[PDB]
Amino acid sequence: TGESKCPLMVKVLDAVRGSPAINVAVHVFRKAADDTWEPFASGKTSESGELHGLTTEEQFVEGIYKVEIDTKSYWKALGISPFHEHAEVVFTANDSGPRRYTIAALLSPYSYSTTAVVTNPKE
């Protein structure tokens, strides 16, 4: 796995069904040189509601990233018409070196919340 290292980490949750938002489709984008969200990394959440190991510390460079979470699919495939097309989190990452970004999300059809947890490595 990592030992504990995880630069970019996504956690997704179902506040309607008290449980892990299993199998969501996260598409982490890195905006590059000219306002072009160049595809960075992608995945599907685990049984534990966590995507993991989307990048290495040598790929995670100082830039505006974007975790885009496919919420509509989670809902369509549950039979409710969701409000939100998808849930995004656009954040300038590794400026001050503190590599560990945990983006956790909490869903329901017409509302979502996101929180970041920015923990320093060993400086």
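Heads up: residue numbers just count along the shown sequence, starting at 1.
Mean C-alpha B-factor is higher over 31-39 than over the other stretch, the pair under comparison being 31-39 and 87-95.
When the two stretches 72-80 and 50-58 are set side by side, the higher mean Cα temperature factor goes to 50-58. When the modelled residues of the chain are ordered by C-alpha B-factor, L107 sits in the middle third. Per the deposited record, the Cα B-factor of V24 falls in the lowest third when ranked against the other modelled residues of its chain. Ranked within its chain, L13 lands in the middle third, by CA B factor from the PDB record.
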